[PDB]
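Undergrad: One structure, pasted below without further comment.
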Amino acid sequence: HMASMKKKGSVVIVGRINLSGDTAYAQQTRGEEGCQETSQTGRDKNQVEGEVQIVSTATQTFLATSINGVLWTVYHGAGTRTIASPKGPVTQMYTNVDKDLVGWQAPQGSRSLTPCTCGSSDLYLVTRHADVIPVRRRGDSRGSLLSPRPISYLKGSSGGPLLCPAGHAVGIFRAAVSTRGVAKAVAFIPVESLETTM
Ligand SMILES: COc1ccc2nc(C)c(O[C@@H]3C[C@H]4C(=O)N[C@]5(C(=O)NS(=O)(=O)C6(C)CC6)C[C@H]5/C=C\CCCCC[C@H](NC(=O)O[C@@H](C)C(F)(F)F)C(=O)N4C3)nc2c1
Ligand SMILES: [Zn+2]
């Protein structure tokens, strides 16, 4: 009934991937209890830092990446959800189910990656465990892992970046191609398709 109709909560930033130093490592900034409350209220007062955020809903966790002032992630994780912010829920400014893509305005305090114009095919995928995985670009939206590994190690990393050697954003990780559970290739939204969307 209309009176009891529920509302879905906001996506919540629960951590980040620190790429500041010589060592990449994941940091948690909010635990599950505070995440659940922040998802219901949409009010997140935690300071945001960095380029790659770890984000969560009530049921899923994945990544989100700031490029050119937009925090980008996957539609299959975020759906049409708002993201929590210090002033309350923030509505998506980009939504494209056909690309598996959504975006919100980048949060105050975040740093944005620069869109790559190098035209290089030697990429690096950043996962939610702060693994930096070499990927050879194989097409507009795909790349092969130089060292395959079980898909388990990539689960939860959709929305993370593929980067060029210079640290520019080349795309947003969206799917993994596997054989017998072994990830051999990845699919991603290329930054040009984001720059198109923008
Ligand atoms: C609902 O409206 C839409 C609109 C457009 C969509 N567009 C795609 C693309 C899609 O795909 C789905 C999800 C995605 C996936 O799993 N993403 C990763 C991930 O981590 N998600 S997540 O963070 O854990 C999560 C779920 C919390 C968000 C990186 C994976 C890591 C491991 C993979 C685990 C096994 C799933 C393999 C599958 N392979 C695939 O689809 O390959 C395509 C190219 C094929 F089939 F053609 F080869 C695949 O990767 N996904 C299957 N759902 C869409 C849904
Ligand atoms: Zn580049």
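Undergrad: Scanning for something in a loop (DSSP other than H, G, I, E, B) and not assigned by CATH to the domain that holds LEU63, does the range 144-152 turn up at least one residue?
TA: no
So that you can scan it fast, the table gives a plain yes or no per residue for (1) under 19 Å from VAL126 (Cα atoms); (2) touching a strand residue (DSSP E or B) at 6+ places or on another chain (Cβ under 7 Å); (3) among the basic types (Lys, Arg):
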position: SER4; (1), (2), (3): no, no, no
position: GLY21; (1), (2), (3): yes, no, no
position: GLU32; (1), (2), (3): no, no, no
position: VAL48; (1), (2), (3): yes, yes, no
position: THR65; (1), (2), (3): yes, yes, no
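Undergrad: Name the single residue that is farthest from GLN92 (Cα to Cα) among those in the range 29-74 being assigned to a loop (DSSP other than H, G, I, E, B) and out of contact with any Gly (no Cβ under 8 Å at 6 or more places or on another chain).
TA: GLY31
Undergrad: Can you find a residue that is touching a residue at least 12 places away in the same chain (Cβ under 8 Å), more than 15 Å from ligand 2 (Cβ to nearest atom) and part of a loop (DSSP other than H, G, I, E, B) anywhere in the range 172-179?
TA: Checked against the condition, which is being touching a residue at least 12 places away in the same chain (Cβ under 8 Å), more than 15 Å from ligand 2 (Cβ to nearest atom) and part of a loop (DSSP other than H, G, I, E, B), the range 172-179 yields no hits at all.
Undergrad: Please go through (1) within 30 Å of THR179 (Cα to Cα); (2) surrounded by fewer than 17 Cβ atoms within 10 Å (Cβ to Cβ); (3) among the hydroxyl-bearing types (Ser, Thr, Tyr) for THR80 and return the number of the only condition it doesn't satisfy.
TA: Among (1) within 30 Å of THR179 (Cα to Cα); (2) surrounded by fewer than 17 Cβ atoms within 10 Å (Cβ to Cβ); (3) among the hydroxyl-bearing types (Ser, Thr, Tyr), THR80 violates only (1).
Undergrad: Identify, by number, the condition in (1) more than 16 Å from ligand 1 (Cβ to nearest atom); (2) over 22 Å from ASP22 (Cβ atoms); (3) in contact with a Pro (Cβ under 9 Å, 6 or more places away or on another chain) that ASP122 doesn't meet.
TA: (2)
Undergrad: Between a residue in the range 114-130 that is within 15 Å of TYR153 (Cβ to Cβ) and free of Cβ contacts under 8 Å to residues at least 24 places away in the same chain and any residue that is part of a loop (DSSP other than H, G, I, E, B) and within 11 Å of ligand 2 (Cβ to nearest atom), which pairs come within a Cβ distance under 9 Å, given they are 6 or more apart or on different chains?
TA: none
Backbone-built Cβ (ideal geometry, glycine too); neighbour counts: all protein chains shown. Numbers and lists here come from the model and the stated rules, or from a named source; no laboratory read-out is quoted.
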